[PDB]
């Protein structure tokens, strides 16, 4: 009948793939901790690799993104500075 | 406007491939999420290429394009 719900009327879209899943365990410990530091994820002391991946993955599944802008940022930075170091402290906490 | 016209060309080709290959909306979002965290100084270069391995790694031409764009030596 339609026009009564916002659900999908195809049951299953055209996709023979189970949707590729991202392995976050491959990432370096430093990378996962960096995610937690840059996104500010307060955690308990004594974190391990598996712990990081779970926390990172849980938050990684909920990242707001925009095609045009995200592509622009990617294209821009990579064609300019491929991972710039620039060692500088922002917040003078101590 | 003035994006994928004269400036962006082969990049748009790449992204079209990625969009068409991943097929899943959330999977393509995943790719873009890898992009934003890379942009946000979170993940390293190789970390970026490696992360999308289960996605773009199936497609040699596509993943190689990605490597070539990132300047991925590994040599």
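Just so you know, all these numbers are worked out from the coordinates, no wet-lab data involved. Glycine also receives a Cβ, built like all others from the backbone with ideal geometry; neighbour counts cover every protein chain displayed.
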Condition test on residue A:66, is it out of contact with any helix residue (DSSP H, G or I) (no Cβ under 7 Å at 6 or more places or on another chain) and surrounded by 11 or more Cβ atoms within 10 Å (Cβ to Cβ)? yes
Could you figure out which of (1) within 17 Å of residue A:27 (Cβ to Cβ); (2) under 10 Å from the mean Cα position of the chain (by Cα) isn't true of residue B:17? (1)
Across region A:11-29, which residue is nearest to the chain's Cα centre (by Cα) among those that are surrounded by 12 or more Cβ atoms within 10 Å (Cβ to Cβ) and more than 7 Å from chain B (Cβ to nearest Cβ)? A:24
Any idea which of B:47, B:11 is more than 28 Å from residue A:30 (Cβ to Cβ), out of contact with any strand residue (DSSP E or B) (no Cβ under 8 Å at 6 or more places or on another chain) and within 11 Å of another protein chain (Cβ to nearest Cβ)? B:11
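Just wondering, is there one or more residues in region B:43-50 that are in a helix (DSSP H, G or I) and farther than 29 Å from residue A:36 by Cα?
Within region B:43-50 (the criterion being in a helix (DSSP H, G or I) and farther than 29 Å from residue A:36 by Cα), the answer is no, since none of the residues qualifies.
Answer with yes or no whether residue B:8 is touching a helix residue (DSSP H, G or I) at 6+ places or on another chain (Cβ under 6 Å), surrounded by 14 or more Cβ atoms within 10 Å (Cβ to Cβ) and assigned to a loop (DSSP other than H, G, I, E, B).
Details: touching a helix residue (DSSP H, G or I) at 6+ places or on another chain (Cβ under 6 Å): no; surrounded by 14 or more Cβ atoms within 10 Å (Cβ to Cβ): yes; assigned to a loop (DSSP other than H, G, I, E, B): yes.
Answer is no for this residue.
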Just checking, how many residues over region B:21-32 are more than 7 Å from every other protein chain (Cβ to nearest Cβ) and under 14 Å from residue A:66 (Cα atoms)? 3
Considering region A:39-58 alone, what residues qualify as being in contact with a helix residue (DSSP H, G or I) (Cβ under 8 Å, 6 or more places away or on another chain), within 13 Å of another protein chain (Cβ to nearest Cβ) and assigned to a helix (DSSP H, G or I)? A:52, A:53, A:56
Tell me which of these residue B:29 doesn't satisfy, since it passes every other one: (1) farther than 18 Å from residue A:81 by Cβ; (2) in contact (Cβ under 8 Å) with a residue 40 or more places away in the chain; (3) surrounded by 14 or more Cβ atoms within 10 Å (Cβ to Cβ). (2)
Residue A:76 fails exactly one of the following numbered conditions: (1) farther than 21 Å from residue B:45 by Cβ; (2) more than 8 Å from chain B (Cβ to nearest Cβ). What is the number of that condition? (1)
Test: residue B:53 is out of contact with any strand residue (DSSP E or B) (no Cβ under 6 Å at 6 or more places or on another chain), within 7 Å of another protein chain (Cβ to nearest Cβ) and surrounded by fewer than 18 Cβ atoms within 10 Å (Cβ to Cβ): no
Whether any residue in region B:39-53 is in contact (Cβ under 8 Å) with a residue 24 or more places away in the chain and more than 19 Å from residue A:83 (Cα to Cα) is what I want to check. no
Taking the stated definitions as given, is residue B:35 at the interface with chain A (Cβ under 7 Å from one of its Cβ atoms) and part of a helix (DSSP H, G or I)? yes
